[PDB]
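Two separate entries follow, structure 1 and structure 2, each one form of the same protein chain as structure tokens.
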Structure 1
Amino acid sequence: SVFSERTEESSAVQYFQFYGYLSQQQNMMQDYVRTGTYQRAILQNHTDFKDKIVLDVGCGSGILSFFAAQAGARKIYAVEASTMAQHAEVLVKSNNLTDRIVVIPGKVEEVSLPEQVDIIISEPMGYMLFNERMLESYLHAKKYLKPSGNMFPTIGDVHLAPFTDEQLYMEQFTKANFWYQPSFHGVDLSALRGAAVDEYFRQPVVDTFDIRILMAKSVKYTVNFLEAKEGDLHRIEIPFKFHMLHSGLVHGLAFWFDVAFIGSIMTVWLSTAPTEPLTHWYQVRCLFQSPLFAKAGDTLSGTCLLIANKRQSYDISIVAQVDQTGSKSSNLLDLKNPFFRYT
């Protein structure tokens, strides 16, 4: 299948095992901004659901399909690849909705639907938007979509912006200097210090932060889910040119994202920005191993290049330079192995 083609069997196994935990479904369900906003987007756009056919891609517990039911949908196909599907089925019975929600166990790239749908709903956003590669599954599902049908969410915006955080930066060396000891129980560990530094710098940092670390207004990269194709996400090139609003040492780029549900009645947004209340997505920061000095008014240009891999994530390559000086920094990160820093 398209799925097994781009995915190492073992990565898939781990992945659906994770989502097979009620505890992990719960963690997402309890994100109030997330779950509350999904519900509000669907109900306030009741005309996009009333008496409609819906496809819920990766339905998990069923929760989004219950919201589609609450807004008056006639038939909701709820696809789910983990063993959580059997739990979703129990809930459909116990909520007496067996003639309106049909749970279909399997990967959306492999199952069959008995008809085409008016609208597709999903929550496939990973941290940094793209982690997990599930947006490709959401896009793949468009094969089930009637001409002029809709997608909820409709578009995704990724935001990038430069930050200064001297302490975050210096902490990497603090940790690595464990190895800079000539006699750890009599053993000279020094030779591994460089490797230890490199290891820490490859991990994107997942936590939140005060917006005052941001040194310029974000640039955004948009994905239109109505128009995009799966292959558009195999190589994601994000050029940037930042107009520096603050002088200082630039230690990396910060990442967040927003999605919009563009309904017939209204457009509703779900934001994971550091200006908004916290979500279980936090925000993401990728450091430079060499920081860049800039001054307010300078221009920081470069490219963030995301290259999909077979473990349902991306290899991150970031190259940036301060134009006025031509000072430059380049960095490689493993999106599937982040440092979860928070508390």
Structure 2
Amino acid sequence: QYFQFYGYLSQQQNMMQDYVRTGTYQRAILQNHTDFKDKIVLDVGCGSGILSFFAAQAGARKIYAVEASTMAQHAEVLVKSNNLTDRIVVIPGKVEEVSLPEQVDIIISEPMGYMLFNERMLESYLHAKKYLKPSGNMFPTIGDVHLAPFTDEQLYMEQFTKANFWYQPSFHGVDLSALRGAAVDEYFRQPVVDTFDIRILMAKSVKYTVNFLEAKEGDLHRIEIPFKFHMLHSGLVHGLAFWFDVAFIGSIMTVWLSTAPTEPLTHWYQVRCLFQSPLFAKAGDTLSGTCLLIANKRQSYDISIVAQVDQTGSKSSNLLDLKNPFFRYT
């Protein structure tokens, strides 16, 4: 069901129209030509092949382009029509289940999901290091998740407006009221995907770093992100906002791709997890806690956020379902 989605050219078209992402990848690869020139490359989850073509443009000798959806057939068509069949080898299948005839010098991929970790494609990316030669590189090389507390009364009250549909005593004779709390909980469990004005942020971001050269596939099963924010503004904290940056650390240039709200919009937007019970904070208070991601059987994570205002002892605890994201952007 995950991979069927990706078999449609309508879907590929949509994915290729992120010009920030595509330009940044092309630059990371082309400006680090000595990391590709005459090298063996693995492209994990190539779709229609775009990153593999960039690797070929940078002079790679062979690129193994692995794709688990029927999009592999279309990649094969483009490889031939662009006269690169000697240089890009399309491999249908999951990177966990295919065979490479050869170890590689560098792995390239776009494994980032919403909040960095959605899709659990980072685990596939890390799994693929079994094909990596000693002292081989990975593009992207490291990933930083950023989180910061926000206030947004409008977003917060939206959840109740929607749930209150159920708070009526005679819907064609039926009293729906008993489901209102369940509706509220469900909406608050959905991470909210859209952008926002940076003015809603109440403290400087905290980060959590994954070095993909060092990290092990298993490490991503249980991710514990601690935080201690020093509040720069007084107000109601309605949740945490998330974005991420990744770096392509080449031998010539380090290139960054950012999905920060201070940067041009990408197809990852930003993500906000709401607290059903908001926390009041004054300037100078400290908002501490932990965000815990546990991998689930649906290409996703269960999210647990507990935060407290240290100076008052008010706590808020929040469970979210990263497999039911709410796409709010317009």
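Numbering for residues begins at 1 and runs along the sequence of structure 1. Definition used throughout: the rigid core is the maximal C-alpha set that superposes within 1.5 Å between two forms.
Q: If you fit the rigid core between structures 1 and 2, which of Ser94, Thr222, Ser183, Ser264 ends up with a C-alpha shift of 2 Å or more?
A: Only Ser183 moves by 2 Å or more at its C-alpha.
Q: By how many angstrom does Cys304 shift at its CA between structures 1 and 2 when the core is held fixed?
A: Its C-alpha moves by 0.4 Å once the cores are overlaid.
Q: Could you tell me the distance the CA of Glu171 travels between structures 1 and 2 after a rigid core superposition, in angstrom?
A: So the C-alpha of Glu171 has moved 1.2 Å between structures 1 and 2.
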